[PDB]
């Protein structure tokens, strides 16, 4: 029997991927409390997990765009100093959270901290209370530059602890398929993208043609043009062109089996979801920390990275080497230790 404080981020893409490990712990009789920004409350409880706020509502730009001196900052265009820029942001996110996260941990008294590799509030609280912590990667590829730049930014707070670095994690968990890439432990990625639900009709019925999921237009533009390549399009988003079948937020992990191509923003969760379900992807990456995962993906032949989108879909629609690679990777991930397996590791 254990008490694990899960210290999460301020956006859904950084919270949801910790849900399956959190429930794996709870399923093994342990006590779990997920701590995150106030605005993540509904996401945490919507996953059926206990929630406690560590700071008022927040988004990353808020903290990425101003440095510790209160001076505005700007995006480096070169990739490397951009990675460090991002890292320092994640470091400053800690400053918004640590007070309430530490106070909470003193009242709740966890044996263990579970956290995401860029959620540095975890390692800090752990180091402060002198308890072990676990690190989970929620990305195909997580630049060490981001983490190290983040630790750097936290230099003063680590000095108050008489430290220059964070104590090592009990476990450091990785979800990247081996054939696609460190003191780490592999783990199978179990998708969690859900909020509400009703696995729509068509998902359980037949597919009479190639299906594609999309997740002054762009969204509306791709929605009209894409069916002309011979696709039936479903658009899984929150916010009626002829070739599109569906409109609204769908359980992405439950709708996945019902299609043959996914076009998306390059998000970490969506990427890993598609991989684990063996569905070829067209990734149009935006955020910089996802660049590395889209490259890995492109090289593996499981999808196309588009730094035109129509071209990639037609290419995949005709070249069967993409489904083949996607399914190969899915099958590879399926051999990895499940979250339930990892819990047994943790408890020893």
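Numbering follows the first chain given and starts at 1.
Unmodelled deposited residues between residue 215 and residue 216: 10 or more, per the record. The gap between residue 70 and residue 71 holds no unmodelled residues of the deposited sequence. For the pair 267-275 and 74-82, the mean B factor over Cα atoms is greater in 74-82. For the pair 148-156 and 113-121, the mean B factor over Cα atoms is greater in 148-156. In this entry, the residue among 182, 91, 132, 177 with the greatest C-alpha B factor is 182. Between the residues 169, 87, 191, 251, the entry's highest C-alpha temperature factor is the one at 251. Ranked by C-alpha B-factor against the other modelled residues of its chain, residue 224 falls in the highest third. Per-chain ranking of the deposited C-alpha B factor places residue 298 in the middle third.
Sort the chain's modelled residues by C-alpha temperature factor and residue 48 lands in the lowest third, per the entry. Looking at the C-alpha B-factors along this chain, the one for residue 137 belongs to the middle third. Split the chain's modelled residues into thirds by C-alpha temperature factor. Residue 319 is in the highest one.
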